[PDB]
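**Student:** structure_19.tsv is reproduced below (TSV, N, CA and C atoms).
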```
chain	number	residue	atom	x	y	z
A	1	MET	N	4.56	9.14	-7.13
A	1	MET	CA	5.98	9.32	-6.84
A	1	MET	C	6.47	10.67	-7.37
A	2	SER	N	6.20	11.73	-6.62
A	2	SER	CA	6.61	13.07	-7.02
A	2	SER	C	6.22	14.09	-5.96
A	3	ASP	N	6.48	15.36	-6.24
A	3	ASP	CA	6.15	16.44	-5.32
A	3	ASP	C	6.54	17.80	-5.90
A	4	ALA	N	5.53	18.59	-6.27
A	4	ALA	CA	5.76	19.91	-6.84
A	4	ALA	C	4.45	20.62	-7.12
A	5	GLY	N	4.54	21.88	-7.55
A	5	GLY	CA	3.35	22.65	-7.85
A	5	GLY	C	2.41	21.93	-8.80
A	6	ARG	N	1.11	22.06	-8.56
A	6	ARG	CA	0.11	21.41	-9.39
A	6	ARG	C	-0.84	22.44	-10.00
A	7	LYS	N	-1.75	21.97	-10.85
A	7	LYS	CA	-2.72	22.85	-11.49
A	7	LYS	C	-3.96	23.02	-10.63
A	8	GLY	N	-5.00	23.62	-11.21
A	8	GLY	CA	-6.23	23.84	-10.47
A	8	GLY	C	-6.79	22.55	-9.89
A	9	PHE	N	-6.44	21.43	-10.50
A	9	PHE	CA	-6.91	20.13	-10.04
A	9	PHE	C	-6.32	19.78	-8.68
A	10	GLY	N	-5.15	20.35	-8.39
A	10	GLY	CA	-4.49	20.09	-7.12
A	10	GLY	C	-5.38	20.41	-5.94
A	11	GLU	N	-5.85	21.65	-5.87
A	11	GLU	CA	-6.71	22.08	-4.78
A	11	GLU	C	-7.90	21.14	-4.61
A	12	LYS	N	-8.61	20.88	-5.70
A	12	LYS	CA	-9.76	19.99	-5.67
A	12	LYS	C	-9.37	18.60	-5.21
A	13	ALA	N	-8.26	18.09	-5.74
A	13	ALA	CA	-7.77	16.77	-5.38
A	13	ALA	C	-7.64	16.63	-3.87
A	14	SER	N	-6.94	17.57	-3.24
A	14	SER	CA	-6.74	17.55	-1.80
A	14	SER	C	-8.07	17.66	-1.07
A	15	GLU	N	-9.04	18.29	-1.71
A	15	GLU	CA	-10.37	18.47	-1.11
A	15	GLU	C	-11.19	17.19	-1.23
A	16	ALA	N	-10.99	16.46	-2.33
A	16	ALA	CA	-11.70	15.22	-2.57
A	16	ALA	C	-11.34	14.16	-1.52
A	17	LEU	N	-10.05	13.88	-1.40
A	17	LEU	CA	-9.56	12.90	-0.44
A	17	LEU	C	-10.01	13.25	0.98
A	18	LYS	N	-9.95	14.54	1.30
A	18	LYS	CA	-10.35	15.02	2.62
A	18	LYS	C	-11.87	14.95	2.79
A	19	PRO	N	-12.33	14.96	4.05
A	19	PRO	CA	-13.76	14.90	4.37
A	19	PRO	C	-14.49	16.18	3.99
A	20	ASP	N	-14.78	16.33	2.70
A	20	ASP	CA	-15.48	17.51	2.21
A	20	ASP	C	-16.78	17.73	2.97
A	21	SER	N	-17.42	18.86	2.72
A	21	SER	CA	-18.68	19.19	3.39
A	21	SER	C	-18.48	19.30	4.90
A	22	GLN	N	-19.57	19.55	5.62
A	22	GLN	CA	-19.51	19.67	7.07
A	22	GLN	C	-19.07	18.36	7.72
A	23	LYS	N	-19.47	17.25	7.11
A	23	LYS	CA	-19.12	15.93	7.62
A	23	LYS	C	-19.64	15.75	9.04
A	24	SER	N	-19.50	14.53	9.56
A	24	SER	CA	-19.95	14.22	10.91
A	24	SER	C	-18.96	14.73	11.95
A	25	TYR	N	-17.85	15.28	11.48
A	25	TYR	CA	-16.81	15.80	12.36
A	25	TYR	C	-17.39	16.81	13.35
A	26	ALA	N	-18.48	17.46	12.95
A	26	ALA	CA	-19.14	18.44	13.80
A	26	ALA	C	-19.42	17.87	15.18
A	27	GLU	N	-19.97	16.67	15.22
A	27	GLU	CA	-20.28	16.01	16.49
A	27	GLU	C	-19.03	15.43	17.13
A	28	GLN	N	-18.14	14.89	16.30
A	28	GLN	CA	-16.90	14.30	16.79
A	28	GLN	C	-16.12	15.30	17.64
A	29	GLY	N	-15.90	16.49	17.09
A	29	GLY	CA	-15.17	17.51	17.82
A	29	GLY	C	-15.85	17.90	19.11
A	30	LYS	N	-17.12	18.26	19.03
A	30	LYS	CA	-17.89	18.66	20.20
A	30	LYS	C	-17.74	17.63	21.32
A	31	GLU	N	-18.05	16.38	21.01
A	31	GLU	CA	-17.95	15.30	21.99
A	31	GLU	C	-16.53	15.20	22.54
A	32	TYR	N	-15.55	15.52	21.71
A	32	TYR	CA	-14.15	15.47	22.11
A	32	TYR	C	-13.90	16.35	23.33
A	33	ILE	N	-14.34	17.60	23.24
A	33	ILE	CA	-14.17	18.55	24.34
A	33	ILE	C	-14.92	18.10	25.58
A	34	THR	N	-16.20	17.78	25.41
A	34	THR	CA	-17.04	17.33	26.51
A	34	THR	C	-16.38	16.18	27.26
A	35	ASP	N	-15.65	15.34	26.53
A	35	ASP	CA	-14.97	14.20	27.13
A	35	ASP	C	-13.78	14.65	27.98
A	36	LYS	N	-13.15	15.75	27.57
A	36	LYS	CA	-12.01	16.29	28.29
A	36	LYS	C	-12.44	16.94	29.60
A	37	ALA	N	-13.52	17.71	29.54
A	37	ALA	CA	-14.05	18.39	30.72
A	37	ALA	C	-14.41	17.39	31.81
A	38	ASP	N	-14.69	16.16	31.41
A	38	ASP	CA	-15.05	15.11	32.35
A	38	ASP	C	-13.81	14.54	33.03
A	39	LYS	N	-12.76	14.33	32.24
A	39	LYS	CA	-11.51	13.79	32.77
A	39	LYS	C	-10.83	14.79	33.70
A	40	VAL	N	-10.65	16.02	33.22
A	40	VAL	CA	-10.02	17.07	34.01
A	40	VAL	C	-10.75	17.28	35.33
A	41	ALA	N	-12.07	17.16	35.29
A	41	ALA	CA	-12.89	17.34	36.49
A	41	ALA	C	-12.81	16.10	37.38
A	42	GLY	N	-13.06	14.94	36.80
A	42	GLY	CA	-13.02	13.70	37.56
A	42	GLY	C	-11.66	13.45	38.18
A	43	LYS	N	-10.61	13.85	37.48
A	43	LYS	CA	-9.25	13.66	37.96
A	43	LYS	C	-9.04	14.39	39.29
A	44	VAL	N	-9.89	15.37	39.56
A	44	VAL	CA	-9.80	16.14	40.80
A	44	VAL	C	-10.26	15.32	41.99
A	45	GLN	N	-9.71	15.63	43.16
A	45	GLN	CA	-10.06	14.91	44.39
A	45	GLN	C	-10.79	15.83	45.36
A	46	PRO	N	-12.05	16.16	45.05
A	46	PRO	CA	-12.87	17.03	45.89
A	46	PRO	C	-13.26	16.37	47.21
A	47	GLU	N	-14.25	16.95	47.89
A	47	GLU	CA	-14.72	16.42	49.16
A	47	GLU	C	-15.21	14.98	49.00
A	48	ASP	N	-15.58	14.62	47.78
A	48	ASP	CA	-16.07	13.28	47.49
A	48	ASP	C	-15.86	12.92	46.02
A	49	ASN	N	-15.16	11.81	45.79
A	49	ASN	CA	-14.88	11.36	44.43
A	49	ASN	C	-14.10	10.05	44.44
A	50	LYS	N	-13.93	9.46	43.26
A	50	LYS	CA	-13.19	8.20	43.14
A	50	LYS	C	-13.13	7.76	41.68
A	51	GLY	N	-12.08	7.01	41.34
A	51	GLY	CA	-11.93	6.53	39.98
A	51	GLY	C	-10.51	6.11	39.68
A	52	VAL	N	-10.28	4.80	39.62
A	52	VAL	CA	-8.95	4.27	39.33
A	52	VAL	C	-8.72	4.13	37.83
A	53	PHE	N	-9.81	4.00	37.09
A	53	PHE	CA	-9.74	3.86	35.64
A	53	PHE	C	-9.42	5.20	34.98
A	54	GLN	N	-9.89	6.28	35.59
A	54	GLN	CA	-9.66	7.62	35.06
A	54	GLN	C	-8.17	7.90	34.93
A	55	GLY	N	-7.37	7.22	35.73
A	55	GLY	CA	-5.93	7.41	35.69
A	55	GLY	C	-5.27	6.58	34.60
A	56	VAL	N	-5.44	5.27	34.68
A	56	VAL	CA	-4.85	4.37	33.69
A	56	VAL	C	-5.36	4.67	32.29
A	57	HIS	N	-6.55	5.26	32.22
A	57	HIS	CA	-7.16	5.60	30.94
A	57	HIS	C	-6.67	6.96	30.45
A	58	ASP	N	-6.26	7.81	31.39
A	58	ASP	CA	-5.77	9.14	31.06
A	58	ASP	C	-4.61	9.06	30.07
A	59	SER	N	-3.91	7.92	30.08
A	59	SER	CA	-2.77	7.72	29.18
A	59	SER	C	-3.21	7.83	27.72
A	60	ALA	N	-4.48	7.54	27.47
A	60	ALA	CA	-5.02	7.60	26.11
A	60	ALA	C	-5.09	9.04	25.62
A	61	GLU	N	-5.17	9.98	26.56
A	61	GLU	CA	-5.24	11.40	26.22
A	61	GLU	C	-4.12	11.79	25.26
A	62	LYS	N	-2.99	11.10	25.38
A	62	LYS	CA	-1.84	11.37	24.53
A	62	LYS	C	-2.22	11.30	23.05
A	63	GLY	N	-1.73	12.25	22.27
A	63	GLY	CA	-2.03	12.27	20.85
A	63	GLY	C	-1.88	13.65	20.25
A	64	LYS	N	-0.72	13.92	19.64
A	64	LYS	CA	-0.46	15.21	19.03
A	64	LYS	C	-0.48	15.10	17.50
A	65	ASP	N	0.30	14.17	16.97
A	65	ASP	CA	0.36	13.96	15.53
A	65	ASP	C	0.92	15.20	14.83
A	66	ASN	N	2.17	15.11	14.39
A	66	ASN	CA	2.82	16.22	13.70
A	66	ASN	C	2.67	16.09	12.19
A	67	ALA	N	3.38	16.94	11.46
A	67	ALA	CA	3.33	16.92	10.00
A	67	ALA	C	4.52	16.16	9.43
A	68	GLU	N	4.52	15.97	8.11
A	68	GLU	CA	5.60	15.26	7.44
A	68	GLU	C	5.53	15.46	5.93
A	69	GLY	N	6.65	15.20	5.25
A	69	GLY	CA	6.69	15.35	3.81
A	69	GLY	C	6.79	14.03	3.08
A	70	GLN	N	5.76	13.20	3.22
A	70	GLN	CA	5.74	11.90	2.57
A	70	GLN	C	4.31	11.37	2.46
A	71	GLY	N	4.12	10.35	1.63
A	71	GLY	CA	2.81	9.77	1.45
A	71	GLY	C	2.46	9.55	-0.01
A	72	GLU	N	1.28	10.00	-0.42
A	72	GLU	CA	0.83	9.86	-1.80
A	72	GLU	C	1.40	10.97	-2.67
A	73	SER	N	1.06	10.93	-3.96
A	73	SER	CA	1.54	11.94	-4.90
A	73	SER	C	0.64	11.99	-6.14
A	74	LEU	N	-0.27	12.95	-6.16
A	74	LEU	CA	-1.19	13.10	-7.28
A	74	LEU	C	-0.43	13.22	-8.60
A	75	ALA	N	0.80	13.71	-8.52
A	75	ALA	CA	1.64	13.87	-9.70
A	75	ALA	C	1.72	12.57	-10.49
A	76	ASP	N	1.62	11.45	-9.79
A	76	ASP	CA	1.68	10.14	-10.43
A	76	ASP	C	0.37	9.81	-11.14
A	77	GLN	N	-0.74	10.25	-10.55
A	77	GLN	CA	-2.05	10.00	-11.12
A	77	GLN	C	-2.31	10.92	-12.31
A	78	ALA	N	-1.68	12.09	-12.29
A	78	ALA	CA	-1.83	13.06	-13.37
A	78	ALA	C	-1.11	12.60	-14.64
A	79	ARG	N	0.14	12.19	-14.48
A	79	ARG	CA	0.94	11.73	-15.61
A	79	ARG	C	0.24	10.58	-16.33
A	80	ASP	N	-0.58	9.84	-15.59
A	80	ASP	CA	-1.31	8.71	-16.16
A	80	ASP	C	-2.48	9.19	-17.02
A	81	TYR	N	-3.21	10.17	-16.51
A	81	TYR	CA	-4.36	10.72	-17.23
A	81	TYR	C	-3.90	11.55	-18.43
A	82	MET	N	-2.86	12.35	-18.23
A	82	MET	CA	-2.33	13.19	-19.29
A	82	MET	C	-1.81	12.34	-20.45
A	83	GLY	N	-0.90	11.42	-20.14
A	83	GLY	CA	-0.34	10.56	-21.17
A	83	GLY	C	-1.40	9.77	-21.90
A	84	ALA	N	-2.49	9.45	-21.20
A	84	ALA	CA	-3.58	8.69	-21.80
A	84	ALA	C	-4.35	9.54	-22.80
A	85	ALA	N	-4.41	10.84	-22.55
A	85	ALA	CA	-5.12	11.76	-23.43
A	85	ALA	C	-4.41	11.89	-24.77
A	86	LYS	N	-3.09	11.85	-24.74
A	86	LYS	CA	-2.29	11.96	-25.96
A	86	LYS	C	-2.53	10.77	-26.88
A	87	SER	N	-2.33	9.57	-26.35
A	87	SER	CA	-2.52	8.35	-27.13
A	87	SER	C	-3.96	8.25	-27.62
A	88	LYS	N	-4.90	8.59	-26.75
A	88	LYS	CA	-6.32	8.54	-27.10
A	88	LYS	C	-6.66	9.59	-28.14
A	89	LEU	N	-6.10	10.78	-27.99
A	89	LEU	CA	-6.35	11.88	-28.92
A	89	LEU	C	-5.76	11.57	-30.29
A	90	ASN	N	-4.46	11.27	-30.32
A	90	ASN	CA	-3.78	10.96	-31.56
A	90	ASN	C	-4.49	9.83	-32.30
A	91	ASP	N	-5.17	8.97	-31.55
A	91	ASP	CA	-5.90	7.85	-32.14
A	91	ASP	C	-7.16	8.33	-32.85
A	92	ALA	N	-7.83	9.31	-32.26
A	92	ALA	CA	-9.05	9.86	-32.84
A	92	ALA	C	-8.73	10.77	-34.02
A	93	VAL	N	-7.79	11.69	-33.82
A	93	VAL	CA	-7.40	12.62	-34.87
A	93	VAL	C	-7.04	11.88	-36.15
A	94	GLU	N	-6.11	10.93	-36.05
A	94	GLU	CA	-5.68	10.16	-37.20
A	94	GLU	C	-6.88	9.59	-37.96
A	95	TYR	N	-7.91	9.19	-37.21
A	95	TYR	CA	-9.11	8.63	-37.80
A	95	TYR	C	-9.98	9.73	-38.42
A	96	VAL	N	-10.08	10.85	-37.72
A	96	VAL	CA	-10.87	11.98	-38.20
A	96	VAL	C	-10.29	12.56	-39.49
A	97	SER	N	-8.99	12.85	-39.46
A	97	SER	CA	-8.32	13.41	-40.63
A	97	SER	C	-8.43	12.47	-41.83
A	98	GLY	N	-8.48	11.17	-41.55
A	98	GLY	CA	-8.58	10.19	-42.61
A	98	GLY	C	-9.99	10.07	-43.15
A	99	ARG	N	-10.97	10.46	-42.34
A	99	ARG	CA	-12.37	10.39	-42.75
A	99	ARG	C	-12.79	11.67	-43.47
A	100	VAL	N	-12.46	12.81	-42.88
A	100	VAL	CA	-12.81	14.10	-43.47
A	100	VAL	C	-12.35	14.18	-44.92
A	101	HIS	N	-11.19	13.60	-45.21
A	101	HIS	CA	-10.65	13.60	-46.56
A	101	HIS	C	-10.00	12.26	-46.89
A	102	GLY	N	-10.83	11.27	-47.22
A	102	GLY	CA	-10.31	9.96	-47.54
A	102	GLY	C	-11.38	8.88	-47.48
A	103	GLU	N	-11.90	8.64	-46.27
A	103	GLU	CA	-12.93	7.63	-46.08
A	103	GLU	C	-14.32	8.25	-46.20
A	104	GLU	N	-14.52	9.06	-47.23
A	104	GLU	CA	-15.80	9.71	-47.46
A	104	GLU	C	-15.87	10.30	-48.87
A	105	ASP	N	-17.09	10.54	-49.34
A	105	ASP	CA	-17.30	11.10	-50.67
A	105	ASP	C	-16.48	12.37	-50.86
A	106	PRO	N	-16.26	12.75	-52.13
A	106	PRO	CA	-15.48	13.95	-52.47
A	106	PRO	C	-16.22	15.24	-52.11
A	107	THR	N	-17.53	15.13	-51.92
A	107	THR	CA	-18.35	16.29	-51.57
A	107	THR	C	-18.26	17.37	-52.64
A	108	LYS	N	-18.84	17.09	-53.80
A	108	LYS	CA	-18.83	18.04	-54.91
A	108	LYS	C	-20.16	18.79	-54.98
A	109	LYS	N	-20.11	20.08	-54.65
A	109	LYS	CA	-21.30	20.92	-54.69
A	109	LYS	C	-21.13	22.08	-55.66
```
Translate this structure into structure tokens?
**Tutor:**
Amino acid sequence: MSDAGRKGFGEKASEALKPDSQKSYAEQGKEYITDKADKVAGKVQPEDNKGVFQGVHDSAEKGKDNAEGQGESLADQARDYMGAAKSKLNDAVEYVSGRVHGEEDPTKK
């Protein structure tokens, strides 16, 4: 629940959720075009052709998908990790400072 500039983790975060690496998208895209060249061609009425499904199915071609300013927010996941480091750290330090000088010999050399 937030939205603002992030640290170096931001870039990586967006990369993690996304399909990193080449992914199988390589084939997905290619096949996508090949599928279009078939519809655009088949849709034509040359000296010989036919296809009633090519029309009713052409409706599926629709699909733009725009952008928007909503969804998840790493800012919420960060505040959780950060705040956890404080409580966890203060817990260790208090123990360390108490051991270095308290729960250990006087160290007389």
**Student:** Would you work out the distance separating atom N of residue 37 of chain A from atom N of residue 49 of chain A, expressed in Å to one decimal?
**Tutor:**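 Between atom N of residue 37 of chain A and atom N of residue 49 of chain A the gap is 17.4 Å.
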**Student:** What is the distance, in Å and to one decimal place, between atom N of residue 7 of chain A and atom N of residue 75 of chain A?
**Tutor:**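 Atom N of residue 7 of chain A sits 9.0 Å away from atom N of residue 75 of chain A.
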**Student:** Work out how far atom CA of residue 36 of chain A is from atom C of residue 62 of chain A, in Å to one decimal.
**Tutor:**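 Between these atoms lies a distance of 12.2 Å.
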**Student:** Rank nothing, just name the residue among A:96, A:27, A:74, A:58 nearest to residue 13 of chain A, using only N, CA and C atoms.
**Tutor:** A:74
**Student:** What are the DSSP helix (DSSP H, G or I) residues of segment 24-78 of chain A, as a ChimeraX atom specification?
**Tutor:** /A:25-42,53-61,74-78
**Student:** Name all residues at most 12 Å from residue 10 of chain A (count only C-alpha atoms; drop same-chain ones fewer than 5 positions away) and give them as a PyMOL selection string.
**Tutor:** chain A and resi 3-5+15-17+73-75+77-78
**Student:** Using 6 Å of padding on each side, determine the axis-aligned box around all atoms of segment 78-84 of chain A present in the file and give its centre and edge lengths in Å to one decimal, as JSON.
**Tutor:**
```
{"center_x": -1.7, "center_y": 10.9, "center_z": -17.5, "size_x": 17.3, "size_y": 16.5, "size_z": 22.5}
```
**Student:** I need the residue nearest residue 1 of chain A from this list: A:90, A:55, A:38, A:72. Use all atoms listed in the file for the distance.
**Tutor:** A:72
